[PDB]
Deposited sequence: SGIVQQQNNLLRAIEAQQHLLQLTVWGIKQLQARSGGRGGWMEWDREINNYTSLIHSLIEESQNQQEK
């Protein structure tokens, strides 16, 4: 079960990289009315980083 929990964390980490690439792609396409979307992307990005670092530890 330990090995499976490590697998799932590595999957979540790799999905977060993919998510960050899609956020970056959307910002390149939008580049102004997006301030609240940027606030929420930033807050949830920081939130997920904290949870991943907690899980890694």
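Engineer: Where the model has no C-alpha, note the corresponding stretch of the deposited sequence, numbering from 1.
Structural biologist: Absent from the structure are positions 1 to 2, 34 to 38, 65 to 68.
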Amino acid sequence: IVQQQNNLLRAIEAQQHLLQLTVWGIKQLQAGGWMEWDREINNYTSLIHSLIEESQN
From here on, numbers count along this sequence of modelled residues.
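Engineer: Return whichever of 18 to 26 and 33 to 41 has the greater mean Cα B factor according to the PDB record.
Structural biologist: Comparing 18 to 26 with 33 to 41, the higher average CA B-factor belongs to 33 to 41.
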